[PDB]
Amino acid sequence: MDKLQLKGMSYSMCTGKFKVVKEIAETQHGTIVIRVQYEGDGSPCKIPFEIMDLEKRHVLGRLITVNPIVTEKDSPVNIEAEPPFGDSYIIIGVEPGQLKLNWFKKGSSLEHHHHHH
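Rules used in this analysis
- Residues numbered from 1 in each chain as written, not as in the entry; some residues may be left out.
- Heavy atoms only, no water.
- Helix = DSSP H or I, 4+ residues; strand = E, 2+ residues; numbered from the N terminus.
- Buried < 20%, exposed > 50% of the residue type's maximum accessible area, 1.4 Å probe, protein only.
- Contact = heavy atoms within 4.5 Å.
- Salt bridge = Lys/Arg side-chain N within 4 Å of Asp/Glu carboxyl O.
- Pairing = 2+ DSSP bridges.

Under the annotation held in the PDB entry, the protein chain carries the name domain III of ENVELOPE PROTEIN E and is attributed to Dengue virus. Looking at the PDB record, one finds the entry titled "Solution structures of the envelope protein domain III from the dengue-2 virus".

Right, here's the structure in full:
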């Protein structure tokens, strides 16, 4: 009704918030998958995402599952996106409670290190 830019595979726009259901996964093809449950109110709507540059804190990421969609406002939706390189914080949802996940990074993965005794 008031939209005119994403013609194709579109529905609405889950503007509420998002709960990560699973850490970003890798599609084994350069992309990654983020499973999260749409939080807020939206029903069959699209999922907010942000990974490009400027106010993205990144350089140039892509979305293979561009603005995915939830069907019941609680269906854990996985988002396939192509991270550029270095610290890649994928953003889901909208500022107002939107989510964030760092992936790719430089070369190391999962900084598993901690002192204790």
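Here the narrative resumes, following the displayed structure.
> An account of the environment of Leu99 is requested, with residue identities and associated values reported.
For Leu99, the position within the fold is in strand 9 (residues 99-105). Take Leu99: its relative accessible area is 15%, and that puts it in the buried class. In contact with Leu99, other than residues within four places in its own chain, are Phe18, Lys19, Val20, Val36, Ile90, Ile91 and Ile92.

> Give a detailed account of the pattern of salt bridges, specifying residues and quantitative values.
Counted according to the given criterion, the structure contains two salt bridges. In this structure, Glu50 engages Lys56 in a salt bridge whose closest nitrogen and oxygen atoms are separated by 3.8 Å. Here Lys105 ties to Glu111 by a salt bridge, and the two come within 2.8 Å at their closest N and O atoms. With a relative accessible area of 62%, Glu111 lands in the exposed category.

> Describe the sheet that holds strand 5 (residues 62-63), listing the residues and the values that go with them.
Sheet architecture is open: four strands sit in the order 1-2-7-5, paired in antiparallel fashion. Edge positions in the sheet fall to strand 1 (17-26) and strand 5, since each has one partner strand and no second. Here two bridges tie strand 5 to strand 7 (residues 76-82), and the two strands are oriented antiparallel to one another. Looking at the pairing, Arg62 lines up with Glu82 of strand 7.

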